[PDB]
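S.K.: Here it is: the structure, laid out below.
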Amino acid sequence: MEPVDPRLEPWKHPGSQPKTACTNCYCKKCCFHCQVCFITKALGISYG
Amino acid sequence: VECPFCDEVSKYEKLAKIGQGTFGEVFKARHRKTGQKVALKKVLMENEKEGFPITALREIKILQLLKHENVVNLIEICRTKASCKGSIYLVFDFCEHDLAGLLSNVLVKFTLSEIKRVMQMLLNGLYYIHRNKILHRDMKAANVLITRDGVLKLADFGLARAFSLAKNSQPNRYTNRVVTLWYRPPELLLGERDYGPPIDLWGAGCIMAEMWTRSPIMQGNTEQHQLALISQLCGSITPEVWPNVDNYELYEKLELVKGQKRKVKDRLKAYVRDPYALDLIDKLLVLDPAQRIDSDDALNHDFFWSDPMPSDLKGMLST
Amino acid sequence: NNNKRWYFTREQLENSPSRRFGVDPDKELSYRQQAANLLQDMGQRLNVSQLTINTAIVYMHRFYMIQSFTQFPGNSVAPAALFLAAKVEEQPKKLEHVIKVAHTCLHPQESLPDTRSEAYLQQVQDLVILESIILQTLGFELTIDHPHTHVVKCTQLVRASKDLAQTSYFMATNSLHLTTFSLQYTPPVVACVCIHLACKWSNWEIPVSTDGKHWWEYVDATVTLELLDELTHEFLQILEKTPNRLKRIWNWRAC
Amino acid sequence: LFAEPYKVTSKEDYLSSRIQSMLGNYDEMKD
RNA sequence: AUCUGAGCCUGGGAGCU
Ligand SMILES: [Zn+2]
Ligand SMILES: [Zn+2]
C-alpha cells in the first residue's frame, strides 16, 4: 500500500506490518486497511 | 522431479583438490565432452541451522551481477542427485595460477613492469566491484588469480556483500569480524561496523608489498598481536593521525603501543627499492581509512604512468 | 533468446506444467493469487519489507511455470519462497520464526507445535527441501526487478501528488498479486500500465514534459499508447473475475 | 520541468468510465 | 443425531444441494 523509495538498499526497506491490527469488519475503513485486507475483504480471495 | 535449469555436476570430471574456500572444498574439473576446464566450489551445507547459507546466496547474486575482465566469472550452478543428500556446486572459469603460489615459487621472477601491471589489473578489479557497490571483504594473495594469458582475476566472493552510501543518517552496522587477520585493516580490529571500500585497498597494499617481499608483511597470531604489528610498522594509532579514533569503545580498552613511529618506507626500502612503488604502498597502508587512497587515485598514481610502463605477464609466467 | 526464458507468450502460458496434469487455467491462476495473498500475510506478520514479498511472489510465479501444483501445493511452497526471499533481500528471518508464523496462518486453531516435536522437525525438513527445489527450479536466478521501482521513480519525475503515488504503487502490488504480467511483460511496461490505470481511476492526467514527450516515453521506449491500453484491458479483464464485492460493499457501513 | 498532473473535469474515456463505474469514484475511497 | 469436503453471502457465523 505505502510507496517505498527504491534507491534504499534492501536491508533498509521498512517493514510491511500495518500500524493497526486487522479486524473482521468489512466497512470502507476496513477494506483498505492493508494489502491483506484489500485482497481478502475487498476482492474476496482467501486460502483457508 | 523436474529440474531443467540446474545441470548435474556429473558433466564435469574432478581432477584434484586445490584448497579450502570460505565455506567449501574446491576442485579442478573438466567438461567430459568438451574438455573445458572449470573450478567446482562445493557449498558446504554444514550450517543447516538456517538452511541454504545467506553467504552463498550473496556470492551467487554478486557474481551474477559483476562481470569484468579482472573479476572471476561464474559459469553456472550445479547440483548432485539425491543419493545420502544433495549438494550445490558453483562452477567458475578455471585459472592456472594464484598469486600466493607464484610468490612462493622461487623460479618465478617479476620485473618491476610486471608488478606494475599486476597492481594495475588488481586495482581495476577493486575499482569495478566498488563502483558496483560491492565490498570484497577477503583481500589476500591466495584470492588473486592469474590466468595462463596473464589476466588477473579477483576471486572468492564468499565473504563479499553490497554496501550503501546511506544516508547522512542512520549508519550501517556491517559484520565486523571479516577479512583474514593478516590483511585486516585497523578499523576492523578496533570494532568498526560502518566501514567501506577502503578495507579492500588495505589488502591491496599488503598484497603490493608481497610482490617484493614474497612473504606476508605482518603475520600476527591474534587480533591484538596484529594490531601491535600494525602499530609497529605504520605508527601508533592516535587521534593526531586518526581523528575521532577515540570514539571506538575499544581504543583504550585494548591498549595500543604509543611510541612507534611510521617505518613503512624505512622497512620496505630494501625490498621494493623503487621510489614510486614505496610511495604508493605508503598511501595504501594509511591507518585512518578516511585518508587511505582509493582505487581511482591509485590508478592515477605516478607508479602507473612513470617508466617502466606496465607490461604483459605472459613472459614471467613461463618460468 | 535468454531474456524470453522467464517471459512467456500466451501459447507458453496455456501449456503450463499444471495444464499437463489437468488443471483449468482459472484454477491455476487462483492458486497463484492465493499463494500471493498467503505470502503477503506471512510477510506482514514477520514484518519483512514489501520487496521481500514481491520477490517471493515472482519466485512463485516462475516456480509454477516449471513445476505443477499437483506435486507442490501452494500453501507448502509459499513459506519456503518467502524464507528464501528474506535472505536474498537482506532481511533474513529465523527458520523457527517462519514455521511458527506459517502454522499460525494455516492452523489458527491448533497450538504452535513444540520446537522439539518430531512433527516440527519434519516441517523444518520439508521447508528446507522446498527451498532447495525452488532454488534449483529457478536456476539460482535470484535477482528480481519489480515494477514498483519504476512506478515510484516515475511518480517522482512527474511531480505526482501523494495520493497518485500511493495508488500507482498499490496497483503495482495488485499487478503482482492478481496477474501474470511478471511472466509476460517487463517491469517498466507493467509500471507504465499501473500508472496509467491509477490515472484513469483517479482522473489525474499526466501532461507532456517541457520537451514535448509523453510521460511513458521516459520509462520504456517500447510502450505505445495502443499496447498500453491493450494491456490495461488485459489487466481489467483479469480483474473482471474477481468477486467484485466492491460493487456491493460500495455503499453500506463504517466503523 | 514537468507540470504537475491535472484533473479532467468529467472524464468520458470508456476505459476510465468503466473502471470508475466498477470501483466507485476515487474521491470516495479517500476515507 | 454425528462425519466429509464442495458452491452461495449477508454490519459474519451454530444459515442453504
Ligand atoms: Zn489489514
Ligand atoms: Zn470496521
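Each chain of the C-alpha cells is named A, B, ... in the order shown, its residues numbered from 1; ligands are numbered from 1 in display order.
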Up to 12 Å from chain A, what residues of chain D turn up? Count only C-alpha atoms and give them as a VMD selection string.
M.R.: chain D and resid 23 to 24 28 to 31
S.K.: So which residues are near ligand 1, meaning at most 8 Å away with only C-alpha atoms (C1' of nucleotides) and all ligand atoms counted, given back as a list in words?
M.R.: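 Listed by chain and ascending number, the contacts are residues 18, 20, 21, 22, 23, 30, 31, 32, 33, 34, 35, 36, 37 and 38 of chain A.
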S.K.: Write out as JSON, numbers by chain all residues of chain D that backbone DSSP assigns to helix (DSSP H, G or I).
M.R.: {"D": [14, 15, 16, 17, 18, 19, 20, 21, 22]}
S.K.: Show me, as a list in words, the residues that have an atom within 8 Å of stretch 98-101 of chain C when counting only C-alpha atoms (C1' of nucleotides), minus same-chain residues fewer than 6 positions from it.
M.R.: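 Returned residues: residues 42, 45, 46, 79, 83, 112, 113, 123 and 124 of chain C.
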S.K.: Write out as a PDB file with N, CA, C and O atoms, in the first residue's frame every residue belonging to chain A that has an atom at most 10 Å from any atom of chain E, counting only C-alpha atoms (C1' of nucleotides).
M.R.:
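What ended up in iface-v5.pdb:
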```pdb
ATOM      1  N   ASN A  24     -12.193  -7.886  11.478  1.00  0.00           N
ATOM      2  CA  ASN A  24     -13.050  -8.681  10.608  1.00  0.00           C
ATOM      3  C   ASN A  24     -14.213  -7.879  10.049  1.00  0.00           C
ATOM      4  O   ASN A  24     -14.991  -8.410   9.250  1.00  0.00           O
ATOM      5  N   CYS A  25     -14.343  -6.616  10.437  1.00  0.00           N
ATOM      6  CA  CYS A  25     -15.343  -5.739   9.855  1.00  0.00           C
ATOM      7  C   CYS A  25     -15.017  -5.520   8.381  1.00  0.00           C
ATOM      8  O   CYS A  25     -13.851  -5.509   7.977  1.00  0.00           O
ATOM      9  N   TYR A  26     -16.059  -5.357   7.568  1.00  0.00           N
ATOM     10  CA  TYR A  26     -15.904  -5.204   6.126  1.00  0.00           C
ATOM     11  C   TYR A  26     -16.321  -3.814   5.646  1.00  0.00           C
ATOM     12  O   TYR A  26     -16.610  -3.625   4.461  1.00  0.00           O
ATOM     13  N   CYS A  27     -16.349  -2.840   6.554  1.00  0.00           N
ATOM     14  CA  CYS A  27     -16.635  -1.449   6.234  1.00  0.00           C
ATOM     15  C   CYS A  27     -15.534  -0.855   5.361  1.00  0.00           C
ATOM     16  O   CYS A  27     -14.456  -1.429   5.173  1.00  0.00           O
TER      17      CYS A  27
END
```
S.K.: Could you write out as a list in words the residues of chain A within 12 Å of chain B, counting only C-alpha atoms?
M.R.: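 The selection requested is residues 7, 8, 9, 10, 11 and 12 of chain A.
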S.K.: Kindly save the residues from that selection, with C-alpha atoms included, as a PDB file, in the first residue's frame.
M.R.:
```
ATOM      1  CA  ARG A   7      17.003   3.809  -4.008  1.00  0.00           C
ATOM      2  CA  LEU A   8      17.068   2.328  -0.497  1.00  0.00           C
ATOM      3  CA  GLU A   9      19.205  -0.771  -0.100  1.00  0.00           C
ATOM      4  CA  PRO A  10      17.270  -3.985   0.617  1.00  0.00           C
ATOM      5  CA  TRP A  11      18.220  -4.095   4.311  1.00  0.00           C
ATOM      6  CA  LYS A  12      16.921  -0.519   4.736  1.00  0.00           C
TER       7      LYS A  12
END
```
S.K.: Considering only C-alpha atoms, can you say which of C:136, C:243, C:200, C:236 comes closest to residue B:87?
M.R.: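 For residue B:87, the nearest of the given residues is C:136.
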S.K.: Have a look at atom CA of residue B:158 and atom CA of residue B:77 and let me know their distance in Å, one decimal.
M.R.: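 Between atom CA of residue B:158 and atom CA of residue B:77 the gap works out to 14.4 Å.
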S.K.: Can you check which residues of chain C have any atom within 12 Å of chain D? Use only C-alpha atoms and format it as a PyMOL selection string.
M.R.: chain C and resi 154-167+195-215+218+228-237+239-240+242-251+254-255
S.K.: Just the residues within 12 Å of residue A:48, please, counting only C-alpha atoms (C1' of nucleotides), with nothing from its chain fewer than 5 positions along; format it as a list in words.
M.R.: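 Contacts, with the query itself left out: residues 40 of chain A; 31, 34, 35, 37, 38, 74, 75, 105, 106, 107 and 108 of chain C.
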S.K.: May I have the residues from that selection written out with N, CA and C atoms, as a PDB file, in the first residue's frame?
M.R.:
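Okay, out18.pdb is ready:
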```pdb
ATOM      1  N   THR A  40      -8.261  -9.904   0.607  1.00  0.00           N
ATOM      2  CA  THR A  40      -9.205 -10.844   1.202  1.00  0.00           C
ATOM      3  C   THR A  40     -10.601 -10.243   1.330  1.00  0.00           C
TER       4      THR A  40
ATOM      5  N   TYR C  31      -4.799 -20.519  -7.742  1.00  0.00           N
ATOM      6  CA  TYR C  31      -3.736 -20.972  -6.848  1.00  0.00           C
ATOM      7  C   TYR C  31      -2.635 -19.925  -6.751  1.00  0.00           C
ATOM      8  N   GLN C  34      -3.867 -17.031  -4.533  1.00  0.00           N
ATOM      9  CA  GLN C  34      -3.877 -17.464  -3.139  1.00  0.00           C
ATOM     10  C   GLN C  34      -2.466 -17.509  -2.572  1.00  0.00           C
ATOM     11  N   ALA C  35      -1.516 -18.048  -3.336  1.00  0.00           N
ATOM     12  CA  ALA C  35      -0.133 -18.061  -2.881  1.00  0.00           C
ATOM     13  C   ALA C  35       0.359 -16.645  -2.624  1.00  0.00           C
ATOM     14  N   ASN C  37      -1.451 -13.984  -1.828  1.00  0.00           N
ATOM     15  CA  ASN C  37      -2.099 -13.482  -0.616  1.00  0.00           C
ATOM     16  C   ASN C  37      -1.465 -14.072   0.640  1.00  0.00           C
ATOM     17  N   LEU C  38      -1.159 -15.371   0.616  1.00  0.00           N
ATOM     18  CA  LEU C  38      -0.534 -16.013   1.767  1.00  0.00           C
ATOM     19  C   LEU C  38       0.852 -15.434   2.012  1.00  0.00           C
ATOM     20  N   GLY C  74       0.610 -24.909  -3.201  1.00  0.00           N
ATOM     21  CA  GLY C  74       0.968 -23.518  -2.970  1.00  0.00           C
ATOM     22  C   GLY C  74       1.173 -23.171  -1.507  1.00  0.00           C
ATOM     23  N   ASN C  75       0.425 -23.819  -0.610  1.00  0.00           N
ATOM     24  CA  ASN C  75       0.495 -23.494   0.812  1.00  0.00           C
ATOM     25  C   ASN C  75       1.742 -24.056   1.476  1.00  0.00           C
ATOM     26  N   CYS C 105      -0.792 -18.986  10.508  1.00  0.00           N
ATOM     27  CA  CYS C 105      -1.604 -18.573   9.365  1.00  0.00           C
ATOM     28  C   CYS C 105      -2.474 -19.717   8.862  1.00  0.00           C
ATOM     29  N   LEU C 106      -1.926 -20.930   8.822  1.00  0.00           N
ATOM     30  CA  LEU C 106      -2.603 -22.065   8.215  1.00  0.00           C
ATOM     31  C   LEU C 106      -3.369 -22.909   9.223  1.00  0.00           C
ATOM     32  N   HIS C 107      -3.072 -22.772  10.513  1.00  0.00           N
ATOM     33  CA  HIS C 107      -3.755 -23.524  11.567  1.00  0.00           C
ATOM     34  C   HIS C 107      -3.975 -22.610  12.765  1.00  0.00           C
ATOM     35  N   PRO C 108      -4.899 -21.647  12.647  1.00  0.00           N
ATOM     36  CA  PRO C 108      -5.155 -20.740  13.779  1.00  0.00           C
ATOM     37  C   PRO C 108      -5.776 -21.447  14.966  1.00  0.00           C
TER      38      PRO C 108
END
```
S.K.: Can you tell me how far atom CA of residue B:252 sits from atom CA of residue B:193, in Å to one decimal?
M.R.: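 Pair atom CA of residue B:252 / atom CA of residue B:193 returns 17.7 Å.
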S.K.: Using only C-alpha atoms, which chain A residues lie at most 7 Å away from chain C, written as a list in words?
M.R.: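 That gives the following set of residues: residues 1, 2, 3, 5, 6, 10, 11, 13, 14, 15, 16, 17, 27, 28, 29, 36, 39, 42, 43, 44, 45, 46 and 47 of chain A.
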S.K.: So how many Å separate atom CA of residue B:141 and atom CA of residue B:207, to one decimal?
M.R.: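 The value is 6.0 Å.
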S.K.: Would you kindly report the residues of chain B within 9 Å of chain C, using only C-alpha atoms, as a VMD selection string?
M.R.: chain B and resid 1 to 6 48 to 54 57 to 58 60 to 61 64 to 65 76 to 79
S.K.: Near residue B:295, within 8 Å and counting only C-alpha atoms (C1' of nucleotides), which residues show up once chain neighbours fewer than 3 positions away are dropped, as a list in words?
M.R.: residues 123, 124, 126, 127, 201, 298 and 299 of chain B
S.K.: Write out, as a PDB file, in the first residue's frame, the residues just selected, with N, CA, C and O atoms.
M.R.:
```pdb
ATOM      1  N   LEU B 123      43.785  -3.216  -9.087  1.00  0.00           N
ATOM      2  CA  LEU B 123      43.043  -2.015  -8.746  1.00  0.00           C
ATOM      3  C   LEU B 123      41.905  -1.778  -9.732  1.00  0.00           C
ATOM      4  O   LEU B 123      40.888  -1.199  -9.353  1.00  0.00           O
ATOM      5  N   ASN B 124      42.029  -2.236 -10.983  1.00  0.00           N
ATOM      6  CA  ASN B 124      40.884  -2.161 -11.891  1.00  0.00           C
ATOM      7  C   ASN B 124      39.739  -3.016 -11.378  1.00  0.00           C
ATOM      8  O   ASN B 124      38.578  -2.587 -11.372  1.00  0.00           O
ATOM      9  N   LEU B 126      39.204  -3.951  -8.203  1.00  0.00           N
ATOM     10  CA  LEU B 126      38.650  -3.343  -7.000  1.00  0.00           C
ATOM     11  C   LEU B 126      37.808  -2.127  -7.361  1.00  0.00           C
ATOM     12  O   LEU B 126      36.737  -1.909  -6.784  1.00  0.00           O
ATOM     13  N   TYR B 127      38.262  -1.344  -8.344  1.00  0.00           N
ATOM     14  CA  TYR B 127      37.514  -0.178  -8.794  1.00  0.00           C
ATOM     15  C   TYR B 127      36.154  -0.593  -9.325  1.00  0.00           C
ATOM     16  O   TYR B 127      35.138   0.057  -9.042  1.00  0.00           O
ATOM     17  N   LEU B 201      41.296  -1.885  -0.019  1.00  0.00           N
ATOM     18  CA  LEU B 201      42.522  -1.317  -0.530  1.00  0.00           C
ATOM     19  C   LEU B 201      43.638  -1.492   0.482  1.00  0.00           C
ATOM     20  O   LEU B 201      44.801  -1.622   0.081  1.00  0.00           O
ATOM     21  N   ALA B 298      44.755   5.634  -6.857  1.00  0.00           N
ATOM     22  CA  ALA B 298      45.870   4.712  -7.009  1.00  0.00           C
ATOM     23  C   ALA B 298      46.180   4.521  -8.486  1.00  0.00           C
ATOM     24  O   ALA B 298      47.349   4.495  -8.887  1.00  0.00           O
ATOM     25  N   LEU B 299      45.139   4.386  -9.313  1.00  0.00           N
ATOM     26  CA  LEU B 299      45.336   4.125 -10.732  1.00  0.00           C
ATOM     27  C   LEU B 299      45.831   5.354 -11.477  1.00  0.00           C
ATOM     28  O   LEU B 299      46.308   5.214 -12.609  1.00  0.00           O
TER      29      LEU B 299
END
```
S.K.: As an MDAnalysis selection string, please: every residue in stretch 10-172 of chain B that DSSP puts in strand (DSSP E).
M.R.: chainID B and resid 12:20 25:31 37:43 74:79 88:93 97:98 134:135 144:146 152:154 161:162
S.K.: Any chance you can output those residues with N, CA and C atoms as a CSV table (one decimal), in the first residue's frame?
M.R.:
```
chain,number,residue,atom,x,y,z
B,12,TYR,N,31.0,-32.7,-15.4
B,12,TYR,CA,32.4,-32.3,-15.2
B,12,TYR,C,33.1,-33.5,-14.4
B,13,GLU,N,34.4,-33.7,-14.7
B,13,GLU,CA,35.2,-34.7,-14.0
B,13,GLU,C,36.2,-34.0,-13.1
B,14,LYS,N,36.1,-34.3,-11.8
B,14,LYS,CA,37.0,-33.7,-10.8
B,14,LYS,C,38.4,-34.2,-11.1
B,15,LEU,N,39.4,-33.3,-11.0
B,15,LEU,CA,40.8,-33.7,-11.2
B,15,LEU,C,41.7,-33.6,-10.0
B,16,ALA,N,41.5,-32.6,-9.1
B,16,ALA,CA,42.3,-32.5,-7.9
B,16,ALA,C,41.7,-31.5,-7.0
B,17,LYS,N,42.0,-31.6,-5.7
B,17,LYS,CA,41.6,-30.6,-4.7
B,17,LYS,C,42.6,-29.4,-4.8
B,18,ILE,N,42.2,-28.2,-4.6
B,18,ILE,CA,43.0,-27.0,-4.7
B,18,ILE,C,42.8,-26.0,-3.6
B,19,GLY,N,42.6,-26.5,-2.4
B,19,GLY,CA,42.4,-25.7,-1.2
B,19,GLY,C,41.0,-25.7,-0.6
B,20,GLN,N,40.9,-25.0,0.5
B,20,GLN,CA,39.7,-24.9,1.3
B,20,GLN,C,39.2,-23.4,1.2
B,25,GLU,N,35.0,-27.0,-0.1
B,25,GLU,CA,36.2,-27.6,-0.9
B,25,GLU,C,36.1,-27.2,-2.3
B,26,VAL,N,37.3,-27.0,-2.9
B,26,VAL,CA,37.3,-26.5,-4.3
B,26,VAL,C,38.1,-27.6,-5.1
B,27,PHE,N,37.6,-28.0,-6.3
B,27,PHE,CA,38.1,-29.0,-7.1
B,27,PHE,C,38.3,-28.4,-8.5
B,28,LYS,N,39.4,-28.8,-9.2
B,28,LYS,CA,39.6,-28.6,-10.6
B,28,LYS,C,38.9,-29.7,-11.4
B,29,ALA,N,38.1,-29.3,-12.4
B,29,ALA,CA,37.4,-30.3,-13.2
B,29,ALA,C,37.3,-29.9,-14.7
B,30,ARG,N,37.1,-30.9,-15.5
B,30,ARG,CA,37.0,-30.7,-17.0
B,30,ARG,C,35.7,-31.2,-17.5
B,31,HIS,N,35.1,-30.5,-18.4
B,31,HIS,CA,33.8,-31.0,-19.0
B,31,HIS,C,34.1,-32.3,-19.8
B,37,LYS,N,37.9,-26.5,-18.9
B,37,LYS,CA,38.2,-26.6,-17.5
B,37,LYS,C,37.4,-25.6,-16.7
B,38,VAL,N,37.0,-26.1,-15.5
B,38,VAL,CA,36.2,-25.3,-14.5
B,38,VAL,C,36.8,-25.5,-13.1
B,39,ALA,N,36.4,-24.7,-12.2
B,39,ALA,CA,36.6,-24.8,-10.8
B,39,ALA,C,35.2,-25.1,-10.1
B,40,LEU,N,35.1,-26.2,-9.5
B,40,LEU,CA,33.9,-26.6,-8.7
B,40,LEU,C,34.1,-26.2,-7.2
B,41,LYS,N,33.3,-25.2,-6.8
B,41,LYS,CA,33.3,-24.8,-5.4
B,41,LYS,C,32.1,-25.4,-4.7
B,42,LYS,N,32.3,-26.3,-3.8
B,42,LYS,CA,31.2,-27.1,-3.1
B,42,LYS,C,30.6,-26.2,-2.0
B,43,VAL,N,29.3,-26.0,-2.1
B,43,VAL,CA,28.7,-25.3,-1.0
B,43,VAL,C,28.5,-26.3,0.2
B,74,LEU,N,31.5,-16.5,-13.0
B,74,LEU,CA,30.6,-17.6,-12.7
B,74,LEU,C,30.0,-18.1,-14.0
B,75,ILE,N,30.1,-19.4,-14.2
B,75,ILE,CA,29.5,-20.0,-15.4
B,75,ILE,C,28.1,-20.5,-15.1
B,76,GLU,N,27.9,-21.3,-14.1
B,76,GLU,CA,26.6,-21.9,-13.8
B,76,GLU,C,26.7,-22.4,-12.3
B,77,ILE,N,25.6,-23.0,-11.9
B,77,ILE,CA,25.4,-23.6,-10.6
B,77,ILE,C,24.8,-25.0,-10.8
B,78,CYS,N,25.5,-26.0,-10.3
B,78,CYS,CA,25.2,-27.4,-10.5
B,78,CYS,C,24.8,-28.0,-9.2
B,79,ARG,N,24.1,-29.2,-9.3
B,79,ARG,CA,23.6,-29.9,-8.1
B,79,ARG,C,24.1,-31.4,-8.2
B,88,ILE,N,25.3,-28.4,-3.7
B,88,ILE,CA,25.3,-27.4,-4.8
B,88,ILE,C,26.8,-27.1,-5.0
B,89,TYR,N,27.1,-26.9,-6.3
B,89,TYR,CA,28.4,-26.6,-6.8
B,89,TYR,C,28.4,-25.3,-7.6
B,90,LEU,N,29.2,-24.3,-7.2
B,90,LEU,CA,29.4,-23.1,-8.0
B,90,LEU,C,30.5,-23.5,-9.0
B,91,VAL,N,30.2,-23.2,-10.3
B,91,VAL,CA,31.1,-23.5,-11.4
B,91,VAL,C,31.8,-22.3,-11.9
B,92,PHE,N,33.1,-22.1,-11.7
B,92,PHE,CA,33.8,-21.0,-12.2
B,92,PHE,C,34.7,-21.3,-13.3
B,93,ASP,N,35.1,-20.3,-14.1
B,93,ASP,CA,36.1,-20.4,-15.1
B,93,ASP,C,37.5,-20.7,-14.4
B,97,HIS,N,46.9,-20.1,-12.2
B,97,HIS,CA,47.7,-19.7,-11.1
B,97,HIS,C,46.9,-18.9,-10.1
B,98,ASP,N,47.4,-18.9,-8.8
B,98,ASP,CA,47.0,-18.0,-7.8
B,98,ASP,C,48.3,-17.2,-7.3
B,134,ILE,N,29.9,-3.2,-4.2
B,134,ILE,CA,30.2,-4.5,-3.6
B,134,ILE,C,31.5,-4.3,-2.8
B,135,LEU,N,31.6,-4.8,-1.6
B,135,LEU,CA,32.8,-5.0,-0.8
B,135,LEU,C,33.2,-6.4,-1.0
B,144,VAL,N,43.8,-13.9,-5.3
B,144,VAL,CA,44.1,-13.1,-6.6
B,144,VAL,C,44.7,-14.2,-7.6
B,145,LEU,N,43.9,-14.4,-8.6
B,145,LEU,CA,44.2,-15.4,-9.6
B,145,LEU,C,44.8,-14.8,-10.8
B,146,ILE,N,45.6,-15.5,-11.6
B,146,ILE,CA,46.2,-15.1,-12.8
B,146,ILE,C,46.0,-16.2,-13.8
B,152,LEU,N,44.7,-10.9,-14.6
B,152,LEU,CA,44.4,-11.0,-13.1
B,152,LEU,C,42.9,-11.1,-12.9
B,153,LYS,N,42.5,-11.9,-12.0
B,153,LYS,CA,41.0,-12.1,-11.6
B,153,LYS,C,40.9,-12.1,-10.1
B,154,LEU,N,40.1,-11.1,-9.6
B,154,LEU,CA,39.7,-11.2,-8.2
B,154,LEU,C,38.7,-12.4,-8.0
B,161,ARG,N,29.7,-8.5,0.1
B,161,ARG,CA,28.4,-8.1,0.2
B,161,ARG,C,28.2,-6.7,-0.4
B,162,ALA,N,27.0,-6.3,-0.6
B,162,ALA,CA,26.7,-4.9,-1.1
B,162,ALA,C,26.7,-4.0,0.1
```
S.K.: Neighbouring residues of residue C:184 were defined as those with any atom within 10 Å, considering only C-alpha atoms (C1' of nucleotides); residues of the same chain fewer than 6 positions away were excluded. Please report them as a PDB file with N, CA and C atoms, in the first residue's frame.
M.R.:
```pdb
ATOM      1  N   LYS C   4      13.709 -14.067 -22.914  1.00  0.00           N
ATOM      2  CA  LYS C   4      12.411 -14.711 -23.060  1.00  0.00           C
ATOM      3  C   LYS C   4      12.309 -16.012 -22.268  1.00  0.00           C
ATOM      4  N   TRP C   6      12.231 -16.345 -18.812  1.00  0.00           N
ATOM      5  CA  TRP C   6      11.242 -16.140 -17.765  1.00  0.00           C
ATOM      6  C   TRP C   6      10.161 -15.156 -18.196  1.00  0.00           C
ATOM      7  N   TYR C   7      10.004 -14.956 -19.504  1.00  0.00           N
ATOM      8  CA  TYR C   7       8.901 -14.195 -20.067  1.00  0.00           C
ATOM      9  C   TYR C   7       8.249 -15.068 -21.126  1.00  0.00           C
ATOM     10  N   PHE C   8       6.922 -15.154 -21.114  1.00  0.00           N
ATOM     11  CA  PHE C   8       6.245 -16.167 -21.905  1.00  0.00           C
ATOM     12  C   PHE C   8       5.174 -15.553 -22.793  1.00  0.00           C
ATOM     13  N   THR C   9       4.876 -16.275 -23.866  1.00  0.00           N
ATOM     14  CA  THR C   9       3.787 -15.971 -24.774  1.00  0.00           C
ATOM     15  C   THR C   9       2.527 -16.655 -24.258  1.00  0.00           C
ATOM     16  N   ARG C  10       1.376 -16.259 -24.799  1.00  0.00           N
ATOM     17  CA  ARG C  10       0.142 -16.885 -24.343  1.00  0.00           C
ATOM     18  C   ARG C  10       0.130 -18.371 -24.678  1.00  0.00           C
ATOM     19  N   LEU C  13       2.132 -19.951 -21.791  1.00  0.00           N
ATOM     20  CA  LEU C  13       1.368 -19.903 -20.550  1.00  0.00           C
ATOM     21  C   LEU C  13       0.222 -20.905 -20.575  1.00  0.00           C
ATOM     22  N   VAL C 190       4.977  -2.922 -17.076  1.00  0.00           N
ATOM     23  CA  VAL C 190       3.966  -3.066 -16.036  1.00  0.00           C
ATOM     24  C   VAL C 190       3.862  -1.776 -15.236  1.00  0.00           C
TER      25      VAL C 190
END
```
